[PDB]
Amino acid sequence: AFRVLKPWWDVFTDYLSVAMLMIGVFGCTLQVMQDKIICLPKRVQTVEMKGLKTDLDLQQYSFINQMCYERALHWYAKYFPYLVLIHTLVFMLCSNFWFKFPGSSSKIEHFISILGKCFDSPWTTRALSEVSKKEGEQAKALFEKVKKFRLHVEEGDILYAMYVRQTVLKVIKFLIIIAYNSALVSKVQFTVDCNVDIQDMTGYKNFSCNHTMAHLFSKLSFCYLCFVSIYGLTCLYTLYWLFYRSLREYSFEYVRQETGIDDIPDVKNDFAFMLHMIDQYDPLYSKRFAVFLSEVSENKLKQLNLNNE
């Protein structure tokens, strides 16, 4: 189960990435339009006014339009949606980066399988009733399974460090995106002074142009900037929650406070990290899984099984 190991901030970032992809696709379809920039030459040769004849054909106007689109419009105003698509693709790929690793996937699947089968175990409810037959043998087998999990997962710390790496990658990518987008968002202007030297072709040298979708691209850039800022705030909170409490150390003393048996130990490394995942999801899962960690609880279960047999 890969949905359960995803906290609220991860789903929020996934939906923000989906919205950013939609913005990029809309910008690309905006760039599909043929009519992009409209240019007019400068210094052309009850008050009644008369029009200024520029003595230019339609083809000369089209040539001026394309020359000023290529050599006067800023590269950001032309290739913003493609950059948005690339950035949102990299953001989406790195969202499940700690999910797709082989060992990470194996330990996550083992944890969710063990936790789910513990959740439908009658003896968990039996031990909760004790705190506040055949199923005894199943509980003994599940205790050996929990010990196997402790030997199989706790020796490593790949998951927490790899999650920290993915979150740091998200934070730095948000920083770079915000930086260059704030630096280049002022380049998307309506009126552009185009100064291409096509005087030998059209007769004029200075042109004043307008980018027709400059306002729409500016609004799209500001919306993308707001989305990236929300993404960065979410990732900054993720970094704060990751680093303010040591996820290499899960204190089960909160279980010890209301539950009388004190034998359950303080798990370390990957076990503590994934238990913090499940605590962010639902703390009842951890408070129930706590009772399967003790050894004197196993001895009491063995005593009950000996009485039954």
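We number the residues from 1 along the sequence you see. Between two forms, the rigid core is the largest collection of C-alphas that superpose within 1.5 Å.
Student: For a rigid core alignment of each structure in 5 other deposited structures of this protein onto the shown form, which stretch has the higher root mean square Cα deviation: 60 to 68 or 34 to 42?
Tutor: Relative to the shown form, the greater RMS C-alpha distance in 5 other deposited structures of this protein belongs to 34 to 42.
Student: Comparing against the shown form in 5 other deposited structures of this protein, which stretch has the larger RMS C-alpha deviation after a rigid core superposition, 23 to 31 or 46 to 54?
Tutor: This comes out as 46 to 54, the stretch further from the shown form in 5 other deposited structures of this protein.
Student: Compared with other deposited entries of this protein, is residue 103 missing coordinates in at least a third of those that cover its neighbours?
Tutor: Comparison shows residue 103 dropped in at least a third of the other entries.
Student: As a check of understanding, is residue 197 unmodelled in at least a third of the other compared entries that model its flanking residues?
Tutor: no, residue 197 modelled in all other entries.
Student: Counting only residues of the deposited sequence, how many between residue 45 and residue 46 have no atoms in the entry (none, 1 to 3, 4 to 9, 10 or more)?
Tutor: The entry has 10 or more unmodelled residues between residue 45 and residue 46.
Student: Going by the PDB record, how many residues of the deposited sequence fall between residue 132 and residue 133 without any coordinates: none, 1 to 3, 4 to 9, or 10 or more?
Tutor: The entry leaves 10 or more residues without coordinates here.
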